[PDB]
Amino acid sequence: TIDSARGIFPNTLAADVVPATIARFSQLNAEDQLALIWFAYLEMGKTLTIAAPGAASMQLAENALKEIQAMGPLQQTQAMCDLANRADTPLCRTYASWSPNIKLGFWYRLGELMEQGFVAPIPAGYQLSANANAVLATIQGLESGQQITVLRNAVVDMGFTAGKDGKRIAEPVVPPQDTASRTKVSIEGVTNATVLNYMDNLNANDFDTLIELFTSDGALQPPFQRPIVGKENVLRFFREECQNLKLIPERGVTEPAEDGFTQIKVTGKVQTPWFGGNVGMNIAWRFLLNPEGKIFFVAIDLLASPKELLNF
């Protein structure tokens, strides 16, 4: 089953401090949630610059941003608290319809406006609650790759989803990289063509080729999230959330599994277009391939430390 395949390579130590820290953050008072992330954002910006949101994304968030910018200060603060509290409001429903990148670009803009004083800032001299100060301390002790994953997950969690098949807004799909200019990965130990083609197609934004590597019932499990099952949902996820990554796999190991299956573990690094080469996340991929080589299951794990990379 997909759910049992979740257990392959049980030695892999994932960075479960990330969902732990998100769960602590999610307990906090909404104003402290907003202050804490402001605090973390300012500090992090001393050494790491976030890439600008794409034009399409900004256009899609523009109405909502304008609405907030038109509010009085107290209402601005209430609107941001509504998003953090996951209140059911029109703003919260609009926000929930957005892909992660659009939500991130919305908050990018608000951060700039708060820095400039045009959107109500965190109150001057604000002191975090006892629980919130310790949450921030944990965040600031993590590796940058973990730090940025905590911030993304806090952003994505905000807002209010009412319904099963509500509208989904995402950025337009980029055209795949021309075949001529495509790079090929090299992985120590691993010549498996399905793994190599996985990595190379994702790096080229070639989602239609990538999806064809999977079994019809196959699943992909992103870090700290449940498996996404079947070709339509996995392709959806590629198109909405997996554009412009850079996968830098380094080494792997290849083992038999029950029934002519093969299990392969690869470790390496990943860069998100929000940070480019300044943040390299430590990642493992865990593949379960059927006898024909298609992908029945792949898990992508954020690793606890670089000491989890194979043969560090």
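Start at 1 and count along the sequence shown; that's the residue number.
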In at least a third of the other entries we lined up, does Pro222 end up with no coordinates? no
Looking at the other compared entries that model residues on both sides of it, is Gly166 unmodelled in at least a third of them? yes
Averaging C-alpha B-factors over each stretch, which comes out higher, 62-70 or 246-254? 62-70
Tell me which stretch has the larger mean Cα B-factor in this entry, 124-132 or 175-183. 175-183
Comparing C-alpha B-factors across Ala284, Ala56, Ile264, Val270 in this entry, the winner is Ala56
Kindly indicate the residue among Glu232, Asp165, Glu240, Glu112 with the greatest C-alpha B-factor in the PDB record. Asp165
Quick check on the deposited entry: does the C-alpha B-factor of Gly117 sit in the lowest, middle or highest third of its chain? highest
Among the modelled residues of its chain, does the C-alpha B-factor of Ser26 lie in the lowest, middle or highest third? middle
Of the three thirds of Cα B-factor ranks in this chain, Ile37 occupies the lowest
Select lowest, middle or highest to describe the third in which the CA B-factor of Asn197 falls within its chain in this entry. middle
Considering only modelled residues of the same chain, in which third does the CA B-factor of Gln147 rank: lowest, middle or highest? lowest
